[PDB]
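Novice: For now just these chains, pulled out of the complex without moving them:
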Amino acid sequence: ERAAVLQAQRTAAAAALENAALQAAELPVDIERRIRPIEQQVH
């Protein structure tokens, strides 16, 4: 009875990777628009 639950929670945590990895798909994205068009203003 545990082994189904201990698998199904593990399959959830395997799915919660790409639930969070696709949610962490903005961490190299949210920085370019807040830096790059501001420096040529300084120019």
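Specialist: Arrived safely, thanks for sending. Numbering: from 1, shown residues only, chains lettered A, B, ... in the order given.
Novice: which other helices and strands contact the helix ranked longest in chain A?
Specialist: In chain A, taking DSSP state H as the definition, the longest helix is helix A:2-21. Helices and strands touching helix A:2-21, as assessed by 3 or more C-beta pairs under 8 Å, 6 or more residues apart in numbering; DSSP states H and E, are absent. Any C-beta I mention is one placed from the backbone N, CA and C, and that applies to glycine too.
Novice: Report the distance from stretch A:15-35 to the chain centre.
Specialist: 4 Å (C-alpha atoms, centre = their mean, to the nearest Å).
Novice: cool, and stretch A:5-22?
Specialist: Worked out by C-alpha atoms, centre = their mean, stretch A:5-22 lies 14 Å from the chain centre.
Novice: in that stretch, what counts as buried?
Specialist: Of the residues in stretch A:5-22, none count as buried by neighbour count, 16 or more other C-beta atoms under 10 Å.
Novice: Append chain B to the structure above:
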Amino acid sequence: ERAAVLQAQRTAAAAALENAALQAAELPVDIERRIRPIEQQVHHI
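Specialist: Take a look at chain B, now in place beside the chains above:
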């Protein structure tokens, strides 16, 4: 015996979840060190 397999797969990735969490909590440290010297220049010039 599957309880011996799945708990080892849970807890070893659970440190890797914390090796991700100790890498992801390093991310809000960043700009809190970056622009704190760039916020110096505001009212002066």
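Novice: now that chain B has been added, could you go back to the buried residues of stretch A:5-22?
Specialist: A:6, A:10 (16 or more other C-beta atoms under 10 Å in any protein chain shown).
Novice: And chain B, is it touching that?
Specialist: Yes - against chain B, stretch A:5-22 shows contacts by C-beta under 8 Å from any C-beta of the partner chain at A:6, A:7, A:9, A:10, A:13.
Novice: Can I get that stretch as PDB, trimmed to CA atoms?
Specialist: Extracted in PDB, the C-alpha atoms of stretch A:5-22 (Å, rounded to 0.1, in the frame of the first residue of the first chain):
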ATOM      1  CA  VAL A   5       1.900   6.100  -2.800                       C
ATOM      2  CA  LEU A   6       5.700   6.300  -2.500                       C
ATOM      3  CA  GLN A   7       5.800   6.000  -6.300                       C
ATOM      4  CA  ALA A   8       2.900   8.400  -7.000                       C
ATOM      5  CA  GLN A   9       4.400  11.100  -4.900                       C
ATOM      6  CA  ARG A  10       7.700  10.400  -6.700                       C
ATOM      7  CA  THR A  11       6.000  10.700 -10.100                       C
ATOM      8  CA  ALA A  12       4.600  14.000  -8.800                       C
ATOM      9  CA  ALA A  13       8.000  15.200  -7.800                       C
ATOM     10  CA  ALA A  14       9.400  14.200 -11.100                       C
ATOM     11  CA  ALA A  15       6.600  16.200 -12.800                       C
ATOM     12  CA  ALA A  16       7.100  19.100 -10.300                       C
ATOM     13  CA  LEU A  17      10.600  19.400 -11.800                       C
ATOM     14  CA  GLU A  18       9.400  20.500 -15.200                       C
ATOM     15  CA  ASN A  19       6.500  22.300 -13.600                       C
ATOM     16  CA  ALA A  20       9.200  24.400 -11.900                       C
ATOM     17  CA  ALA A  21      11.800  24.300 -14.600                       C
ATOM     18  CA  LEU A  22       9.300  25.800 -17.100                       C
END
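Novice: Put this one in as chain C:
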Amino acid sequence: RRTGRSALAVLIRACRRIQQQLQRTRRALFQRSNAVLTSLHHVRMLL
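Specialist: One more chain to add, chain C, which I have set with the ones above:
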């Protein structure tokens, strides 16, 4: 005076509004990743 100083009111406001957004880019970029800090710890909270 309206040529020498008025070439500078162009260029005093120019630097003093670049520096003001940099206060707001600190604040609007980790309150999206604090939800990432919530979910990434929540994966082991499932476990």
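Novice: mind redoing the buried residues of stretch A:5-22 now chain C's in there?
Specialist: So for stretch A:5-22, counting by 16+ other C-beta under 10 Å, buried means A:6, A:10, A:13, A:16, A:20.
Novice: Kindly report the same for stretch A:26-41.
Specialist: residue A:34.
Novice: Out of the buried residues of stretch A:5-22, which comes closest to residue C:9?
Specialist: residue A:20 (49.0 Å; C-beta to C-beta).
Novice: ok, now how distant is the closest one from residue B:41?
Specialist: Here the criterion is C-beta to C-beta, to the nearest Å. By it, residue A:20 lies 37 Å from residue B:41.
Novice: Find the nearest non-adjacent residue to the residue nearest the centre of chain C, please.
Specialist: Nearest residue to the geometric centre of chain C (C-alpha atoms, centre = their mean): residue C:25, 1.9 Å. Closest residue in space to residue C:25, ignoring its immediate chain neighbours: residue A:34 at 4.2 Å, by C-beta to C-beta, 6 or more residues apart in numbering or on different chains.
Novice: how close does that neighbour get to residue B:9?
Specialist: 39 Å.
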